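Now for the letters of each chain:
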Amino acid sequence: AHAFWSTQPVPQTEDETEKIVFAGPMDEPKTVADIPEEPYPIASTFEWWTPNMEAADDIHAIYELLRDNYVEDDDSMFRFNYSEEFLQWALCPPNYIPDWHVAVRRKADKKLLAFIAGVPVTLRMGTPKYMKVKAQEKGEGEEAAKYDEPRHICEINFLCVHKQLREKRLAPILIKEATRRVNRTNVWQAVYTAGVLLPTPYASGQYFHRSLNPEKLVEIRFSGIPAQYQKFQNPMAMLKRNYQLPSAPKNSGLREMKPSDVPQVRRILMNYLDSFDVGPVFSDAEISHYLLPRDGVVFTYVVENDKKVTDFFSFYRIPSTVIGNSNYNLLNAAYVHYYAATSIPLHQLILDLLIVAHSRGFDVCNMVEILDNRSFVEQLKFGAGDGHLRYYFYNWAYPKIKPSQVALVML
Ligand SMILES: CCCCCCCCCCCCCC(=O)SCCNC(=O)CCNC(=O)[C@H](O)C(C)(C)COP(=O)(O)OP(=O)(O)OC[C@H]1O[C@@H](n2cnc3c(N)ncnc32)[C@H](O)[C@@H]1OP(=O)(O)O
Ligand SMILES: CN(C)CCCN(C)c1nc(N(C)CCC#N)c2sc(C(C)(C)C)cc2n1
Ligand SMILES: CN(C)CCCN(C)c1nc(N(C)CCC#N)c2sc(C(C)(C)C)cc2n1
Ligand SMILES: [Mg+2]
């Protein structure tokens, strides 16, 4: 059933996943010396290319591949259009490894055909709380604690093959070359997410969406007018009213994040993320990189009253090309990123996220039901969407966990 995935160090079935009681590696321990410096073989008409994702023109080349060939819905209505600025931000965090950005080009004429990207992340990925309890009950705490220390691993994203080259087994070769490049740097695990079901997720969460500009969303067929609104003389007027928001934030002391807020934001974020089984550990340099505002890319606000930062939220922008329509070329989506609340309930903090996003011209706010995202769904009028984000590890056995025990946001 899976000619490629059956050959890789990942759990092969749900049944297998059920037998997993401790975090730890799947594969033989190996060393960098066991990995060849010769690149993985590829047919003679293609070549590997390493783009420089800090250089405008190479970012632009990858940007066009993704704009024309990346994730789309099944009815070919919308295709993600991650911006050039977004790609530089997502792919070049502190201490990134340029060799982990991997492309394939056609050799004759240098046409770009495929891409995959890894970035470093320090992740807590030790045995989860409910399974450490089971271990204590069996006298197996030593084995369950073996890999408690946060690990320096790889996060994979942006795998893309050109539409003309689909179903030719190019994605497996991309994945094996990426694995070689990561292994050459003495890293042996990865974390990745996808919408599709592959062998075998350790967690799965549904997507949720919150309408900000319902008239546009109905026009482009992202949304429909629900049946119940047909009982009204003006269904659209009533739908707009339903999703109406304040025109300015409600929380006293809300302001954009600045560099001097980095230590306090790191403190409150790391205290909060510690409560979840799987989550990142960020340095001050990483907090700066992933959270300081960047025009068109990431938006972050702190609540500061009386000279103390007590809460914050962040969101990032992913537009989509509107493939079929005549009034509109883009869908502008805001995605909930990291946050932490110590002074106000989460629903009150995230209402200000929706207000700022609407003010800035976003059409919808989306999120996965990770973190405590379920805690404000109903009051803030999010609804569940037809999509899931499945969380996977490469070369790491891991017990199934609930999505509310995952604290890693993937872009
Ligand atoms: C230690 C370091 C390790 C580093 C590596 C860690 C692993 C990282 C793994 C990658 C994490 C990526 C995270 C993201 O970026 S998720 C976003 C993925 N990108 C897209 O959906 C964009 C649009 N689609 C495409 O570009 C292509 O359809 C892709 C490239 C996805 C497949 O190309 P194509 O359709 O032309 O197929 P093929 O003939 O070449 O290959 C077929 C094989 O590919 C398996 N397949 C299909 N989709 C995925 C998928 N999303 N993850 C993993 N495997 C996938 C499939 O089951 C089959 O294997 P098997 O069923 O026969 O066994
Ligand atoms: C196996 N599949 C296709 C699960 C499909 C999940 N994906 C990739 C996906 N993607 C989507 N987008 C790309 C929307 C934002 C953009 N781009 C959408 S937009 C959508 C409606 C809101 C129109 C129903 C469903 C949907 N589904
Ligand atoms: C690697 N990564 C983390 C790919 C995040 C892509 N994104 C941005 C994404 N993805 C979606 N998927 C179903 C996962 C597709 C994949 N991969 C959806 S489904 C959705 C609704 C329209 C239902 C709200 C928004 C949305 N957004
Ligand atoms: Mg292919």
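Residues numbered from 1 in each chain as written, not as in the entry; some residues may be left out. Chains lettered and ligands numbered in written order. Heavy atoms only, no water.

Determination of this PDB entry was carried out by X-ray crystallography to a resolution of 1.45 Å, according to the record.

Going by the PDB entry, the protein chain carries the name Glycylpeptide N-tetradecanoyltransferase and comes from Leishmania major. Under Sequence similarities (unreviewed entry), UniProt gives the following word-for-word description of the protein chain: "Belongs to the NMT family." (UniProt positions renumbered as here; feature names shortened; annotations may be inferred.)

**Points about the UniProt feature "domain: Glycylpeptide N-tetradecanoyltransferase N-terminal" (unreviewed entry) in the protein chain**
The UniProt record marks residues 26–203 with the feature "domain: Glycylpeptide N-tetradecanoyltransferase N-terminal" (unreviewed entry), using the residue numbering of this structure. In this annotation, residues 26–203 is assigned 29% helix and 24% strand; the end-to-end C-alpha distance for the span is 18 Å. (Helix = DSSP H or I, 4+ residues; strand = E, 2+ residues; numbered from the N terminus.)

**Notes on the side chain of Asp352**
Looking at where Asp352 falls in the secondary structure, it is placed in helix α11 (residues 346–359). Despite its burial, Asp352 pairs with no opposite charge, the nearest such side chain being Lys250 at 7.8 Å. One polar contact links the side chain of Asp352 to the main-chain amide nitrogen of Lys250, over a distance of 2.8 Å. What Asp352 contacts, discounting residues up to four positions off in sequence, is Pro249, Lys250, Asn251, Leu254 and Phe313. (Buried < 20%, exposed > 50% of the residue type's maximum accessible area, 1.4 Å probe, protein only. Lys, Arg positive; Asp, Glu negative; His and termini not counted. Salt bridge = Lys/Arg side-chain N within 4 Å of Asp/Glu carboxyl O. Polar contact = N/O pair within 3.5 Å; in protein donor to acceptor, adjacent residues only side chain to side chain. Contact = heavy atoms within 4.5 Å.)

**Re the side chain of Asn81**
Looking at the element boundaries, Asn81 is found in the loop between β2 (78–80) and α3 (84–91). With near-sequence residues (within four places) excluded, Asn81 lies in contact with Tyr63, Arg67, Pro319, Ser320, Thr321 and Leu330.

**Remarks on the site of ligand 3**
Ligand 3 sits among 16 residues. The nearest are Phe80, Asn157, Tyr207, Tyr335 and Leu411. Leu411 is positioned with one of its backbone polar atoms (N or O) 3.1 Å from a nitrogen atom of ligand 3. Compared with its free state, where it exposes 610 Å², ligand 3 has 84% of that area covered by protein. Going through the elements one at a time, β6 (190–194) and β14 (383–394) are the ones with two or more residues in the shell around ligand 3. Examining the composition of the shell around ligand 3, we find that three residues originate from one element, β14, more than from any other. (Near = heavy atom within 4 Å. Areas by Shrake-Rupley, 256 points an atom, 1.4 Å probe, with all protein chains shown as cover.)

**Details of the site of ligand 2**
With respect to spatial proximity, the complete set of residues near ligand 2 consists of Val71, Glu72, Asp73, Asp74, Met77, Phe78, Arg79, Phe80, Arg221, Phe222 and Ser320. In this structure, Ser320 approaches ligand 2 through a side-chain N or O atom, which is 2.6 Å from a nitrogen atom. If ligand 2 stood free it would expose 620 Å²; the protein chains cover 64% of that surface. Across the shell around ligand 2, the residue classes tally to five nonpolar, one polar and five charged. (Nonpolar A, V, L, I, M, F, W, Y, C, P; charged D, E, K, R; others polar.)

**Things to note about the packing of aromatic side chains**
Tallied over the full model, the rule gives 30 aromatic pairs. Members of the aromatic cluster, connected to one another through ring pairs, are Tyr70, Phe80, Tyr82, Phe86, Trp89, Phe158, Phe282, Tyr290, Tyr316, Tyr335 and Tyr338. (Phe/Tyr/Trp six-rings, centres within 6.5 Å; stacked < 30°, edge-to-face > 60°.)

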